[PDB]
Amino acid sequence: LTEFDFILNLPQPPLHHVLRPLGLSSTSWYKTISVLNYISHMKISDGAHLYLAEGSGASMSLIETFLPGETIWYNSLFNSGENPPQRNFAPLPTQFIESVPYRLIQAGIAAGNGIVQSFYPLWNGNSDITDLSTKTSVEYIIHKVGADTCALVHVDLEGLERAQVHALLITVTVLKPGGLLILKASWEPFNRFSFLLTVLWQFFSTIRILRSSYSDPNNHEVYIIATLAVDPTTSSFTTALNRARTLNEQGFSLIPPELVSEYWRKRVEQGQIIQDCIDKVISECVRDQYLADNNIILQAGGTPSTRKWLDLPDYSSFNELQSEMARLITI
Amino acid sequence: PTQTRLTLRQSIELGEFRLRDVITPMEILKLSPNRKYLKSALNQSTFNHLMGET
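Residues numbered from 1 in each chain as written, not as in the entry; some residues may be left out. Chains lettered and ligands numbered in written order. Part of a larger assembly, values for the part shown. Heavy atoms only, no water.

For this deposited structure, the header cites cryo-EM as the method used and 2.93 Å as the resolution.

Take a look at the structure:
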């Protein structure tokens, strides 16, 4: 179990992926596990869930198994141009389709809440519609999900850019009062962080910053945990954005320096600890490490994908291994 | 063995997979059946040329 994650209530090799031994294609549920440890206490099951740029939908699956929603609106960038010939494939998360939630949806069994999840991807045929930077995408997404219809919104848009602010005011419009937003921020461009925190603070309460214990130890990744403020008397989104620009270009950042120092102090030790864990896992190759995290993945419907990608036999001796390539290369 | 595991990790970290770390040309010759291939000085020389970093 990796409990080195911490919460702050307000060009390198990818060595960290060794600690991700389960999952076909993307494995962002590993970064999600640390989020569950703090969002499971509160209630987000009621209302719809919205996943912006979710891609493979791994986080979507693992959130859905333990936090089930009535309606789920997948959304990721996809154009029909890259389909294989004579095929009309819709954007379907290849990791979510084989997961427990969609496997239980397709066969009709009810979810944990007793309400069968209704999974509707946000896709009518337009590539610009999947791209959140376009205003048409914002209007269509807000149209289909309906304003004030959902409680959880999971934005994982990688690193303000037009798509980020567009995702932000999608949430602001569509979240139910008291709803939860999880955001895939990034601490390294601190100016963008201050901007994001100010604009979110105008209309969110209980803004919590969490660094995932399973995230990369070099990317300064932060998963924002914020709740939509009840009874929001905010005039509009544009006022929040413009005023955030003012504070950004006229005064100190809303983040206290003590919180920045705390984040850095915990970040250095967390990075060192995670690096030692990765180094030990690679070197010692102990079979069983952090069983609870992978057990969560197994309950979510994840399976070890090395079985099909690596169909090679498991020799019991190193001499036989070397002999195998001695045959292979010479042949 | 942990030594070749370590050197494979080092090789992968820079972003390349060198073939010589896992198994050496002398091991290839020793652990493989004798054949007309890999029997002549020119053949062995070009095998070692194709066997190294190239």
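1. Some thoughts on the overall build of chain B
We count it as follows: Helix and strand definitions here come from DSSP, where helices need a minimum of 4 consecutive H or I residues and strands a minimum of 2 consecutive E residues; each element is numbered from the N-terminal end. Here the globule rule reads 2.2 Å times residues to the power 0.38, and the radius of gyration is calculated from C-alpha atoms. Each residue is assigned to one of three classes by its accessible area relative to the maximum for its type, calculated with a 1.4 Å probe on protein chains only: buried under 20%, partly exposed between the two thresholds, exposed over 50%. Calculation of accessible area relied on Shrake-Rupley with a 1.4 Å probe; when residues are assessed, cover is drawn exclusively from the protein chains displayed. The sign given to each residue is positive for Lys and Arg and negative for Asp and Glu; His and the chain ends receive no count. In plain terms, the charge of a residue is placed at NZ if it is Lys, CZ if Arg, CG if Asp and CD if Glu.
Of the regular secondary structure elements, chain B holds three helices and zero strands. Its C-alpha atoms give chain B a radius of gyration of 13 Å, more than 25% over the compact-globule value 10 Å for 54 residues. A buried classification covers 26% of the 54 residues belonging to chain B. Carbon and sulfur atoms make up 58% of the accessible area of chain B, which amounts to about 3,800 Å² in all. Charged side chains in chain B number 8 positive and 5 negative. The centres of these two groups are separated by 12 Å.

2. Some details on the pattern of salt bridges
Rule in force here: Basic side-chain nitrogens of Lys or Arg form a salt bridge, by our definition, when they fall within 4 Å of a carboxyl oxygen of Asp or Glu.
Counted under the stated rule, the structure contains seven salt bridges over all chains. A salt bridge links A:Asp148 to A:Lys176, with the shortest nitrogen-to-oxygen separation between them at 3.8 Å. Relative accessible area serves as the criterion here: at 30%, A:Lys176 is assigned to the partly exposed category. One salt-bridge network, in which partners are shared between bridges, spans A:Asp279, B:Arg9 and B:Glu13.

3. A look at the environment of A:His154
All names here are of chain A. Applicable threshold: In this description, contact between two residues means that some pair of their heavy atoms is separated by no more than 4.5 Å.
If you trace the backbone, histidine 154 turns up in strand β5 (residues 150–155). Note on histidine 154: relative accessible area 1%, which makes it buried. A C-alpha to C-alpha distance of 7.7 Å links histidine 154 and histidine 49, two positions 105 residues apart in sequence. Once residues lying within four places of it in the same chain are set aside, the contact partners of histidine 154 are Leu50, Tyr51, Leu52, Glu54, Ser59 and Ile182.

4. Topic: the interface of chain A and chain B
When the parts of a complex come together, some accessible area is lost, and that lost area is often used as the size of the interface. This is how it is decided: By buried area we mean how much accessible surface two parts lose on assembly, using a 1.4 Å probe and totalling the loss over both.
On the chain B side, the residues contacting the 16 residues of chain A number 18 residues. For the pair chain A and chain B, the summed buried surface comes to about 1,600 Å²; carbon and sulfur atoms form 67% of the total. When residues of chain A are sorted by the area they lose upon contact with chain B, A:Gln322, A:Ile329 and A:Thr330 head the list and together hold 34% of the total. For the interface between chain A and chain B, the tally reads one salt bridge.

5. Points about helix α13 (residues 318–330) of chain A
Which entries qualify depends on this criterion: The length a helix should cover is 1.5 Å for every residue beyond the first. Polar contacts, as counted here, are pairs of nitrogen or oxygen atoms within 3.5 Å of one another; within protein the pair requires one atom able to donate a hydrogen and one able to accept it, and residues that are adjacent in sequence qualify only if both atoms are side-chain atoms.
Here α13(A) contains 13 residues, and its C-alpha end-to-end distance of 18 Å stays within 8% of the 18 Å for a straight helix at 1.5 Å per residue. Buried residues along α13(A) sit in contact with α2 (25–31) of chain B. Capping the start of α13(A), A:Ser317 holds a side-chain oxygen 3.2 Å from the backbone nitrogen of A:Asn319, two or three residues further along.

6. A closer look at the nonpolar core
Residues and elements named next belong to chain A. The line we're drawing: As used here, the term nonpolar core means buried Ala, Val, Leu, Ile, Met, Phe, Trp, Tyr and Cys residues forming a set that is joined through side-chain atoms within 4.5 Å.
Counting residues in hydrophobic clusters, the biggest one holds 48 residues, and the most contacted among them are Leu50, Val153, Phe193, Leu200, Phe204, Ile209 and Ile224. Sorting elements by how many residues they give to this core places helix α8 (residues 190–203) first, with seven residues. The residues touching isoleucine 209, leaving out its near neighbours within four places in the chain, are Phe6, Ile7, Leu8, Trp187, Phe193, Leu197, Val222, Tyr223 and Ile224. Ranked by size, the runner-up nonpolar core spans 36 residues in total, among them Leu22, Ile33, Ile297 and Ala300.

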